[PDB]
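Have a look at the structure below before the remarks.
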Amino acid sequence: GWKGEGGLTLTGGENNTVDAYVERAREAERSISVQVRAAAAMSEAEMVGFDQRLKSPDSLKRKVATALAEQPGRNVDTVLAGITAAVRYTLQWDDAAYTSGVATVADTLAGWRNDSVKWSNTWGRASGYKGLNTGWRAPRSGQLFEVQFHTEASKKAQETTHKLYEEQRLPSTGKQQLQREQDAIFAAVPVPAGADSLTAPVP
């Protein structure tokens with residue numbers, strides 16, 4: 001059995017189900033990183049966070065044990081079936097080649113029989129985080145993975161807004177005064193021409 005050291009738990013029958021999923025995803029990642037590093041080169045994109053392209057085993061179980069608490073009756077099989085960011089990648093660009101580079105990666109992935117699950121285009125928002133987080137399912141392995149396309153400035157937003165998330169989400173001594181401090185950076189982040197018009201590629 002698994003012991004969530006924050007008040008969480010998982011039985012051995014569920015624990016071995018997740019550990020089998022961990023090694024199972026690690027096998028599909030090999031064929032996925034191949035198809036990802038390709039488009040990252042086919043569009044002159046930069047790959048950051050690639051050293052952590054696979055989600056942590058403990059962090060994976062916490063999201064499962066939390067989902068089990070929110071929705072009993074759901075088995076770990078369906079809970080693991082909903083995980084979207086178990087394997088994940090980040091593609092960077094200059095603001096000039098961002099929009100064209102994203103369309104390349106999305107089409108080359110779709111052309112390789114990958115399925116678009118989500119398309120979180122938040123560039124045309126006057127307030128909030130700017131970016132495009134995408135969801136994909138590998139063709140034969142069926143593994144759900146995500147790709148968040150960033151710029152040098154958009155990645156620097158989350159590189160710096162997370163420390164404000166740290167002292168805002170936590171009510172230790174806090175709040176909304178930093179809500180402007182973050183949206184000031186989000187407004188300071190330039191939106192590439194067409195970034196707010198990026199749609200999921202129809203396969």
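Following the order of the structure tokens, chains are lettered A, B, ..., residues in each are numbered from 1, and ligands are numbered from 1.
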Point to revise | Shell of 10 Å around residue 105 in chain A, only C-alpha atoms, local chain residues under 5 positions omitted, as an MDAnalysis selection string | key: chainID A and resid 35:43 45 91 100 110:111 147 149 201
Keeping N, CA and C atoms, export the residues of the selection given above as a CSV table (one decimal), in the first residue's frame.
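Result file is again.csv:
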chain,number,residue,atom,x,y,z
A,35,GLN,N,8.9,11.5,-31.8
A,35,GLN,CA,8.0,12.4,-32.6
A,35,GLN,C,8.0,13.8,-32.1
A,36,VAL,N,8.4,14.1,-30.9
A,36,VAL,CA,8.4,15.4,-30.4
A,36,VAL,C,9.7,16.2,-30.7
A,37,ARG,N,10.8,15.5,-30.4
A,37,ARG,CA,12.1,16.2,-30.8
A,37,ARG,C,12.2,16.4,-32.3
A,38,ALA,N,11.5,15.6,-33.1
A,38,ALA,CA,11.5,15.8,-34.5
A,38,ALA,C,10.9,17.2,-34.9
A,39,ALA,N,9.6,17.4,-34.5
A,39,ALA,CA,9.0,18.7,-34.8
A,39,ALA,C,9.7,19.8,-34.1
A,40,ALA,N,10.3,19.6,-32.9
A,40,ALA,CA,11.1,20.6,-32.3
A,40,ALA,C,12.2,21.0,-33.1
A,41,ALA,N,12.8,20.1,-33.9
A,41,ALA,CA,13.8,20.4,-34.9
A,41,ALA,C,13.2,20.9,-36.2
A,42,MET,N,12.1,20.3,-36.6
A,42,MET,CA,11.5,20.7,-37.9
A,42,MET,C,10.9,22.1,-37.9
A,43,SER,N,10.8,22.7,-36.7
A,43,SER,CA,10.4,24.1,-36.5
A,43,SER,C,11.4,24.9,-35.8
A,45,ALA,N,12.4,24.8,-32.9
A,45,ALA,CA,12.0,25.0,-31.6
A,45,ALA,C,13.0,24.6,-30.5
A,91,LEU,N,7.9,23.5,-25.7
A,91,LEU,CA,8.5,24.0,-26.9
A,91,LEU,C,8.6,25.6,-26.9
A,100,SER,N,4.2,30.3,-36.3
A,100,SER,CA,4.5,29.4,-37.3
A,100,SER,C,5.1,28.1,-36.8
A,110,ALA,N,-0.3,15.6,-35.7
A,110,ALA,CA,-1.5,15.1,-36.2
A,110,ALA,C,-1.3,14.2,-37.4
A,111,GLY,N,-0.3,14.6,-38.3
A,111,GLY,CA,0.0,13.8,-39.4
A,111,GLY,C,0.5,12.4,-39.0
A,147,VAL,N,1.6,19.1,-24.4
A,147,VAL,CA,2.6,20.0,-25.0
A,147,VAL,C,2.2,21.4,-24.8
A,149,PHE,N,3.2,25.2,-25.5
A,149,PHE,CA,4.0,26.0,-26.4
A,149,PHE,C,4.3,27.3,-25.7
A,201,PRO,N,-5.3,21.3,-34.9
A,201,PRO,CA,-5.3,20.9,-36.3
A,201,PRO,C,-6.3,19.7,-36.5
Exercise for review: Please identify all polymer residues within 12 Å of residue 164 in chain A, counting only C-alpha atoms, omitting same-chain residues fewer than 3 positions from it, and present them as a VMD selection string.
Suggested key: chain A and resid 157 to 161 167 to 170 174 to 183 185
Could you write out that same residue set with N, CA and C atoms as a PDB file, in the first residue's frame?
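And here is the file that came out, again_38.pdb:
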ATOM      1  N   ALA A 157       7.308  34.173 -17.666  1.00  0.00           N
ATOM      2  CA  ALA A 157       6.164  34.506 -16.826  1.00  0.00           C
ATOM      3  C   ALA A 157       5.960  33.449 -15.749  1.00  0.00           C
ATOM      4  N   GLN A 158       5.758  32.195 -16.162  1.00  0.00           N
ATOM      5  CA  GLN A 158       5.600  31.125 -15.184  1.00  0.00           C
ATOM      6  C   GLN A 158       6.878  30.896 -14.386  1.00  0.00           C
ATOM      7  N   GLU A 159       8.039  31.243 -14.950  1.00  0.00           N
ATOM      8  CA  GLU A 159       9.282  31.185 -14.190  1.00  0.00           C
ATOM      9  C   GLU A 159       9.287  32.166 -13.024  1.00  0.00           C
ATOM     10  N   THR A 160       8.514  33.245 -13.114  1.00  0.00           N
ATOM     11  CA  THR A 160       8.481  34.273 -12.084  1.00  0.00           C
ATOM     12  C   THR A 160       7.137  34.406 -11.382  1.00  0.00           C
ATOM     13  N   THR A 161       6.028  34.051 -12.036  1.00  0.00           N
ATOM     14  CA  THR A 161       4.722  34.159 -11.395  1.00  0.00           C
ATOM     15  C   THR A 161       4.455  33.034 -10.405  1.00  0.00           C
ATOM     16  N   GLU A 167       3.225  32.874  -2.584  1.00  0.00           N
ATOM     17  CA  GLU A 167       2.840  33.769  -1.503  1.00  0.00           C
ATOM     18  C   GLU A 167       1.436  34.340  -1.678  1.00  0.00           C
ATOM     19  N   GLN A 168       0.647  33.802  -2.607  1.00  0.00           N
ATOM     20  CA  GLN A 168      -0.739  34.217  -2.793  1.00  0.00           C
ATOM     21  C   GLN A 168      -1.720  33.088  -2.525  1.00  0.00           C
ATOM     22  N   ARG A 169      -1.451  31.884  -3.039  1.00  0.00           N
ATOM     23  CA  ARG A 169      -2.318  30.748  -2.747  1.00  0.00           C
ATOM     24  C   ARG A 169      -2.258  30.362  -1.276  1.00  0.00           C
ATOM     25  N   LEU A 170      -1.120  30.592  -0.626  1.00  0.00           N
ATOM     26  CA  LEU A 170      -0.941  30.210   0.766  1.00  0.00           C
ATOM     27  C   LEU A 170      -1.412  31.338   1.672  1.00  0.00           C
ATOM     28  N   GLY A 174      -1.427  36.037   3.897  1.00  0.00           N
ATOM     29  CA  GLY A 174      -2.078  36.589   2.724  1.00  0.00           C
ATOM     30  C   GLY A 174      -3.447  35.988   2.472  1.00  0.00           C
ATOM     31  N   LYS A 175      -2.707  39.426  -1.145  1.00  0.00           N
ATOM     32  CA  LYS A 175      -3.262  38.380  -1.996  1.00  0.00           C
ATOM     33  C   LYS A 175      -3.622  38.930  -3.372  1.00  0.00           C
ATOM     34  N   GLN A 176      -4.755  39.631  -3.448  1.00  0.00           N
ATOM     35  CA  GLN A 176      -5.186  40.236  -4.703  1.00  0.00           C
ATOM     36  C   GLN A 176      -4.325  41.425  -5.108  1.00  0.00           C
ATOM     37  N   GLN A 177      -3.476  41.933  -4.209  1.00  0.00           N
ATOM     38  CA  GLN A 177      -2.528  42.970  -4.602  1.00  0.00           C
ATOM     39  C   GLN A 177      -1.454  42.413  -5.525  1.00  0.00           C
ATOM     40  N   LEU A 178      -1.096  41.139  -5.355  1.00  0.00           N
ATOM     41  CA  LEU A 178      -0.200  40.469  -6.286  1.00  0.00           C
ATOM     42  C   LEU A 178      -0.936  39.925  -7.502  1.00  0.00           C
ATOM     43  N   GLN A 179      -2.266  39.817  -7.431  1.00  0.00           N
ATOM     44  CA  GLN A 179      -3.042  39.436  -8.606  1.00  0.00           C
ATOM     45  C   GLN A 179      -2.849  40.433  -9.737  1.00  0.00           C
ATOM     46  N   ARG A 180      -2.613  41.702  -9.400  1.00  0.00           N
ATOM     47  CA  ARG A 180      -2.229  42.686 -10.403  1.00  0.00           C
ATOM     48  C   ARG A 180      -0.754  42.559 -10.763  1.00  0.00           C
ATOM     49  N   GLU A 181       0.092  42.246  -9.776  1.00  0.00           N
ATOM     50  CA  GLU A 181       1.518  42.077 -10.036  1.00  0.00           C
ATOM     51  C   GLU A 181       1.774  40.976 -11.056  1.00  0.00           C
ATOM     52  N   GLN A 182       0.917  39.955 -11.089  1.00  0.00           N
ATOM     53  CA  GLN A 182       1.071  38.875 -12.056  1.00  0.00           C
ATOM     54  C   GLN A 182       0.511  39.266 -13.418  1.00  0.00           C
ATOM     55  N   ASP A 183      -0.700  39.831 -13.442  1.00  0.00           N
ATOM     56  CA  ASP A 183      -1.293  40.267 -14.700  1.00  0.00           C
ATOM     57  C   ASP A 183      -0.516  41.406 -15.344  1.00  0.00           C
ATOM     58  N   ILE A 185       2.740  41.310 -15.527  1.00  0.00           N
ATOM     59  CA  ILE A 185       3.706  40.544 -16.307  1.00  0.00           C
ATOM     60  C   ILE A 185       3.019  39.871 -17.487  1.00  0.00           C
TER      61      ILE A 185
END
Review point. By how many Å are CA of residue 165 in chain A and CA of residue 130 in chain A apart?
Key: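 Distance between the two atoms: 15.3 Å.
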Point to revise | strand (DSSP E or B) positions in range 50-199 of chain A, given as a list in words | key: residues 54, 87, 88, 89, 90, 91, 92, 115, 116, 117, 118, 119, 120, 121, 132, 133, 134, 135, 136, 137, 144, 145, 146, 147, 148 and 149 of chain A
Exercise for review: Using only C-alpha atoms, find the one residue out of A:116, A:92, A:56, A:127 that sits nearest to residue 26 in chain A.
Suggested key: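 That would be A:56, the residue with the smallest distance to residue 26 in chain A.
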With a cut-off of 12 Å, could you pull out the residues of range 64-87 of chain A touching range 15-23 of chain A and give me the nearest pair of atoms for each, distance in Å to one decimal, using only C-alpha atoms, ordered by chain and ascending number, as JSON lines?
{"residue": "A:64", "atom": "CA", "partner": "A:18", "partner_atom": "CA", "distance": 8.8}
{"residue": "A:65", "atom": "CA", "partner": "A:15", "partner_atom": "CA", "distance": 9.9}
{"residue": "A:75", "atom": "CA", "partner": "A:17", "partner_atom": "CA", "distance": 10.3}
{"residue": "A:76", "atom": "CA", "partner": "A:17", "partner_atom": "CA", "distance": 7.4}
{"residue": "A:77", "atom": "CA", "partner": "A:17", "partner_atom": "CA", "distance": 7.7}
{"residue": "A:78", "atom": "CA", "partner": "A:17", "partner_atom": "CA", "distance": 11.2}
{"residue": "A:79", "atom": "CA", "partner": "A:18", "partner_atom": "CA", "distance": 10.0}
{"residue": "A:80", "atom": "CA", "partner": "A:18", "partner_atom": "CA", "distance": 7.5}
{"residue": "A:81", "atom": "CA", "partner": "A:21", "partner_atom": "CA", "distance": 9.9}
{"residue": "A:83", "atom": "CA", "partner": "A:21", "partner_atom": "CA", "distance": 10.9}
{"residue": "A:86", "atom": "CA", "partner": "A:22", "partner_atom": "CA", "distance": 8.7}
{"residue": "A:87", "atom": "CA", "partner": "A:22", "partner_atom": "CA", "distance": 10.1}
Could you save the residues just selected, with C-alpha atoms, as a compact mmCIF listing (two decimals), in the first residue's frame?
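Result written to selection_24.txt:
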# COMPACT_ATOMS: atom_id res chain seq x y z
CA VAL A 64 -4.79 9.71 -8.07
CA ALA A 65 -5.38 9.45 -4.32
CA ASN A 75 -11.35 2.91 -9.76
CA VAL A 76 -7.69 3.74 -10.32
CA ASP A 77 -8.06 2.34 -13.84
CA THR A 78 -10.41 5.16 -14.84
CA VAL A 79 -8.47 7.67 -12.73
CA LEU A 80 -5.21 6.79 -14.48
CA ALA A 81 -7.17 6.96 -17.75
CA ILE A 83 -4.30 11.71 -16.39
CA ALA A 86 1.96 12.13 -17.11
CA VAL A 87 4.37 12.79 -19.98
Check your understanding: Which residues come within 7 Å of residue 150 in chain A, counting only C-alpha atoms, excluding same-chain residues fewer than 4 positions away, as number ranges by chain?
Key -> A: 90-93, 131, 154-155
Review point. So which one's closest to residue 59 in chain A, A:190, A:73, A:203, A:6? Using only C-alpha atoms, please.
Key: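 Answer, going by the shortest atom-to-atom distance: A:6.
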Exercise for review: Assign secondary structure with DSSP using the backbone only, and return the residues of range 5-201 of chain A in alpha helix (DSSP H) as a VMD selection string.
Suggested key: chain A and resid 12 to 42 57 to 70 76 to 80 98 to 111 152 to 169 176 to 188
For residue 1 in chain A, list every protein, DNA or RNA residue within 6 Å, evaluated using only C-alpha atoms, and leave out those in the same chain fewer than 3 positions away; present the list as an mmCIF file with C-alpha atoms, in the first residue's frame.
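Below is the file result_31.cif, written as the result:
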data_model
loop_
_atom_site.group_PDB
_atom_site.id
_atom_site.type_symbol
_atom_site.label_atom_id
_atom_site.label_comp_id
_atom_site.auth_asym_id
_atom_site.auth_seq_id
_atom_site.Cartn_x
_atom_site.Cartn_y
_atom_site.Cartn_z
ATOM 1 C CA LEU A 10 -3.510 3.931 -1.853
ATOM 2 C CA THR A 11 -3.917 0.189 -1.415
ATOM 3 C CA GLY A 12 -1.363 -2.248 -2.786
ATOM 4 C CA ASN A 15 -0.379 0.995 -5.854
#
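Of the listed residues (A:109, A:148, A:8, A:101), A:148 comes nearest to residue 48 in chain A; the distances count only C-alpha atoms.
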Can you pull out every residue within 10 Å of residue 140 in chain A, counting only C-alpha atoms, but drop anything in the same chain fewer than 6 positions away, and send it as a JSON list (two decimals) with N, CA and C atoms, in the first residue's frame?
[["chain", "number", "residue", "atom", "x", "y", "z"],
["A", 28, "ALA", "N", 6.15, 4.13, -23.85],
["A", 28, "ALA", "CA", 5.55, 4.94, -24.90],
["A", 28, "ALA", "C", 6.29, 6.26, -25.08],
["A", 113, "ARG", "N", -0.66, 10.59, -36.70],
["A", 113, "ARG", "CA", -1.77, 9.87, -36.08],
["A", 113, "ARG", "C", -1.87, 10.15, -34.58],
["A", 114, "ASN", "N", -1.45, 11.33, -34.15],
["A", 114, "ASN", "CA", -1.73, 11.79, -32.79],
["A", 114, "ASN", "C", -3.04, 12.56, -32.77]]
Check your understanding: Do you know which residues are at most 10 Å from residue 197 in chain A counting only C-alpha atoms, after dropping those on the same chain fewer than 4 positions away, and could you put them as a list in words?
Key ->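 Selected residues are residues 99, 121, 122, 123, 124, 192 and 193 of chain A.
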Kindly export the residues of the current selection with N, CA and C atoms, as a PDB file, in the first residue's frame.
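Generated output (selection_33.pdb):
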ATOM      1  N   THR A  99       4.307  31.498 -33.678  1.00  0.00           N
ATOM      2  CA  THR A  99       3.045  31.096 -34.291  1.00  0.00           C
ATOM      3  C   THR A  99       3.261  30.078 -35.402  1.00  0.00           C
ATOM      4  N   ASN A 121      -5.831  27.721 -25.530  1.00  0.00           N
ATOM      5  CA  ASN A 121      -5.299  28.957 -26.097  1.00  0.00           C
ATOM      6  C   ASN A 121      -5.791  30.134 -25.264  1.00  0.00           C
ATOM      7  N   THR A 122      -4.894  30.730 -24.480  1.00  0.00           N
ATOM      8  CA  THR A 122      -5.229  31.833 -23.587  1.00  0.00           C
ATOM      9  C   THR A 122      -4.415  33.078 -23.916  1.00  0.00           C
ATOM     10  N   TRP A 123      -4.208  33.340 -25.206  1.00  0.00           N
ATOM     11  CA  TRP A 123      -3.469  34.526 -25.622  1.00  0.00           C
ATOM     12  C   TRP A 123      -4.355  35.755 -25.765  1.00  0.00           C
ATOM     13  N   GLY A 124      -5.603  35.580 -26.194  1.00  0.00           N
ATOM     14  CA  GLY A 124      -6.494  36.703 -26.408  1.00  0.00           C
ATOM     15  C   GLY A 124      -7.194  37.184 -25.154  1.00  0.00           C
ATOM     16  N   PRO A 192       2.437  37.018 -29.830  1.00  0.00           N
ATOM     17  CA  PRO A 192       2.817  36.923 -31.244  1.00  0.00           C
ATOM     18  C   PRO A 192       1.606  37.035 -32.157  1.00  0.00           C
ATOM     19  N   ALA A 193       1.847  37.558 -33.357  1.00  0.00           N
ATOM     20  CA  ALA A 193       0.789  37.757 -34.339  1.00  0.00           C
ATOM     21  C   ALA A 193       0.165  36.428 -34.737  1.00  0.00           C
TER      22      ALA A 193
END
Practice item. Rank A:102, A:32, A:117, A:153 by their smallest atom-to-atom distance to residue 53 in chain A, using only C-alpha atoms, and report the top residue only. Key: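 Ranked by minimum distance to residue 53 in chain A, first place goes to A:32.
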